[PDB]
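Spelled out from the first residue to the last, the chains are:
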Amino acid sequence: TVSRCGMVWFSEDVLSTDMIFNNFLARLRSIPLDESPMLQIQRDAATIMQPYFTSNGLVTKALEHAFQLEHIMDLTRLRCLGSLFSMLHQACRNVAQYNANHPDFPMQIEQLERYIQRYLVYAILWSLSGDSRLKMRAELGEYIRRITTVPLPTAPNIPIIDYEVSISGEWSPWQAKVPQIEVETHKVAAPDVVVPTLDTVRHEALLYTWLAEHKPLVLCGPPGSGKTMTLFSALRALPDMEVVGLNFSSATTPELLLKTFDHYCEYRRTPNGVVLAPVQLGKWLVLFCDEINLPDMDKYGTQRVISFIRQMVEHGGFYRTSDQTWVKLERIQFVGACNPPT
Ligand SMILES: Nc1ncnc2c1ncn2[C@@H]1O[C@H](COP(=O)(O)OP(=O)(O)OP(=O)(O)O)[C@@H](O)[C@H]1O
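Rules and cut-offs
- Residues numbered from 1 in each chain as written, not as in the entry; some residues may be left out.
- Part of a larger assembly, values for the part shown.
- Heavy atoms only, no water.
- Buried < 20%, exposed > 50% of the residue type's maximum accessible area, 1.4 Å probe, protein only.
- Helix = DSSP H or I, 4+ residues; strand = E, 2+ residues; numbered from the N terminus.
- Pairing = 2+ DSSP bridges.
- Near = heavy atom within 4 Å.
- Polar contact = N/O pair within 3.5 Å; in protein donor to acceptor, adjacent residues only side chain to side chain.
- Axes fitted to C-alpha atoms, helices over the stretch in contact; angles between N-to-C directions.
- Contact = heavy atoms within 4.5 Å.
- Patch = residues over 30% accessible without salt bridge, like charges linked within 9 Å, V, L, I, M, F, W, Y side chains within 5 Å.
- Areas by Shrake-Rupley, 256 points an atom, 1.4 Å probe, with all protein chains shown as cover.
- Salt bridge = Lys/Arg side-chain N within 4 Å of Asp/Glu carboxyl O.
- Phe/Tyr/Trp six-rings, centres within 6.5 Å; stacked < 30°, edge-to-face > 60°.
- Parallel < 35°, antiparallel > 145°, perpendicular 65-115°, else oblique.
- Left-handed = near helix turned anticlockwise from the far one by under 90°.
- Nonpolar A, V, L, I, M, F, W, Y, C, P; charged D, E, K, R; others polar.

Per the PDB record, this model was obtained through cryo-EM at a reported resolution of 3.5 Å.

Looking at the PDB entry, one finds the chain named Cytoplasmic dynein 1 heavy chain 1 and attributed to Homo sapiens. Anyone opening this PDB entry will find it titled "State-6 of motor domain from full-length human dynein-1 in 5 mM ATP".

Dropping the structure here:
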């Protein structure tokens, strides 16, 4: 079959990093997040972040070092860049929300610049090295502190990752965000209790950010670490996002996903075409996959189910085999979890 048709090879020199950077910046400057004031705030934010997105810029050096490190899953450059762009989009949404809650005093250019710079640094930290050990995140933080010019927390030993940037554009510790809950006497060691702490509040913010953009994500880490629990707490805390836990097995097939879809969603005919919508209105059906990487590869190194989620995440839809018709996904997003592949 290789010799039965032509060929073209696209190496990874085809997209220079600056190519992706210019695509992201142009798409942000043109299209608005909601679907105009927020386009104006996007333009201002992009004007702020342009100096760090140039060739031989802060993001490029940070990315090459993150490649020099080790990550729990296979590090792909576009994965890091797409995560960073999604989190920057959420930063712009946060600025828009702050403006909406303060009609008298819209956030000025100086505060916007400070917030965007600090969010960019924190975003690099949590996107490039968010899938590494704590020590490797510390190494990346030390590097980026060495090479960047953005002001950073002056904690003598606390790495920047434990810090957060306030909507007022200031470096504030994540510790203050952690409350002190008093669980009831009969609720000790309960299957649902979630004591807030540094890790779960940071992961709460990250889950909120990557779920607002409807970017699917998978939690990685050693068995019994607080991953499934933190995810469920976040998802239940979510206002209008139903949660559908799904225990993927080694015998998992996309047929199971279709079963869940017909159980919770329904097919309706719209002028664009057949559209998948969850039955209950205004709800982002978040399909939790307990063990995303568990399903077996075939003899040709392909997990059919993960191919299905890739198809639906990228193309924004799938094909209904009943009538071989394109079905677009509406109000559906995915989150998974898995221990390291080792
Ligand atoms: N911050 C916390 N507050 C309360 N309990 C916690 C906290 N962090 C972890 N735990 C407890 O530790 C365990 C963490 O479970 P976890 O959510 O990691 O499971 P899991 O994702 O299903 O595991 P696995 O990968 O082995 O299948 C639970 O028993 C949970 O109650």
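Colleague: How should the pairing of strand β6 (residues 274-278) be read in this particular structure?
Modeller: A regular strand places its side chains on the two faces of the sheet in alternate fashion. Of all 5 residues in β6, 5 are buried, a share of seventy percent or more. Of the two faces of β6, the one holding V274, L276 and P278 and the one holding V275 and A277 are both buried throughout. Where strand β5 (residues 265-269) meets β6, 5 bridges bridge the pair, whose relative direction is antiparallel. In the strand pairing of β6, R268 is matched with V275. When β6 meets strand β9 (residues 325-329), the two strands line up parallel, connected through 3 bridges.

Colleague: How should the site of the ligand be read in this particular structure?
Modeller: Inspection of the region around the ligand gives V195, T197, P223, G224, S225, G226, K227, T228 and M229 as its neighbouring residues. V195 is positioned such that a nitrogen or oxygen atom in its backbone is 3.1 Å from a nitrogen atom of the ligand.

Colleague: Which parts of the structure should I look at to understand the sheet that holds β6?
Modeller: Here we have 4 strands laid out as an open sheet, ordered β5-β6-β9-β8, and mixed in their pairing. Of all strands in the sheet, those bounded by a partner on one side alone are β5 and β8 (317-320). Sheet twist, expressed as the average angle between the axes of neighbouring strands with direction ignored, equals 35 degrees. Across the sheet, helix α9 (residues 254-264) is in contact with β5 and β6; its angle to β5 comes to roughly 75 degrees. Its contacts with the sheet place helix α10 (residues 304-315) against β8 and β9, and it is angled at close to 120 degrees to β8.

Colleague: Quick question: what am I supposed to make of a nonpolar patch on the surface here?
Modeller: A surface patch of nonpolar side chains, about 490 Å² in accessible area, is lined by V8, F10, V14, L15 and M19. You can call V14 partly exposed: its relative accessible area is 38%.

Colleague: Just to check I follow, could you spell out the pairing of β8 for this structure?
Modeller: Sheet topology note: the β8/β9 ladder contains 4 bridges and is antiparallel. Within β9, the residue paired with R320 across the bridge is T325. Taking the residues that link successive antiparallel strands as the turn, the β8-β9 hairpin has 4 residues, and the phi of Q324 there is positive, at about 50 degrees.

Colleague: Help me understand the packing of aromatic side chains, please; the structure alone is not making it clear to me.
Modeller: Each aromatic ring pair is described using two quantities: the centre-to-centre distance and the angle formed by the ring planes. For the coordinates displayed, the defined rule picks out 12 aromatic pairs. Seen from their ring centres, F308 and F318 are 5.5 Å apart, and the 90 degrees between their planes marks the pair as edge-to-face. Separated by 10 residues along the polypeptide, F308 in helix α10 and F318 in strand β8 bring together distant segments of the chain. Of the two residues, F308 and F318, both sit in the buried class. Measuring from ring centre to ring centre gives 4.6 Å for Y319 and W326, while their planes differ by 65 degrees; the resulting arrangement is edge-to-face. Through successive ring pairs, a cluster of aromatic residues spans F21, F24, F53 and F85.

Colleague: Would you mind going over the packing of helix α3 (residues 58-68) against helix α4 (residues 77-101) with me for this structure?
Modeller: How two helices sit against one another is set out by the angle between their axes and by the gap between those axes. Running from N to C, α3 and α4 cross one another at 135 degrees; their axes reach a closest spacing of 11 Å. Taken together, α3 and α4 sit at an angle that is classed as oblique. Considering only the axes of α3 and α4, their crossing is right-handed. Where α3 approaches α4, its residues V59, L63 and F67 are matched on the opposing element by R77, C80, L81 and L84. Taken together, the residues of the contact of α3 with α4 sort by class into 6 nonpolar, no polar and 1 charged.

Colleague: Where do I start with the pattern of salt bridges in this structure?
Modeller: As a working rule, side chains carrying opposite charge can pair if their charged atoms are close by. The final tally for this structure, using the stated rule, is 13 salt bridges. When the shortest N-O distance is used, the salt bridge between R146 and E142 registers 3.5 Å. Note that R146 and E142 are positioned in helix α6 (residues 134-147) at a spacing of 4 residues, about one turn of the helix. For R146, a relative accessible area of 55% gives the class exposed. Ionic pairing is found between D323 and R320, a salt bridge with its closest N-O pair at 2.5 Å.

Colleague: Any chance you could explain the sheet that holds strand β7 (residues 285-289) here in plain terms?
Modeller: To summarise the sheet geometry, strands pair through backbone hydrogen bonds and adopt either a parallel or an antiparallel arrangement. Strand order across the open sheet formed by 4 strands is β3-β10-β7-β4, with parallel pairing between neighbours. Looking at which strands have only one partner, the edges of the open sheet turn out to be β3 (217-220) and β4 (243-246). For this sheet, the mean inter-axis angle between neighbouring strands, taken without regard to orientation, is 20 degrees. With 5 bridges joining them, β7 and strand β10 (residues 332-338) adopt parallel strand pairing. Residue pairing across strands places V286 opposite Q333, the latter belonging to β10. Packed onto the sheet, helix α8 (residues 227-237) meets β3, β4, β7 and β10 and runs at close to 175 degrees relative to β7.

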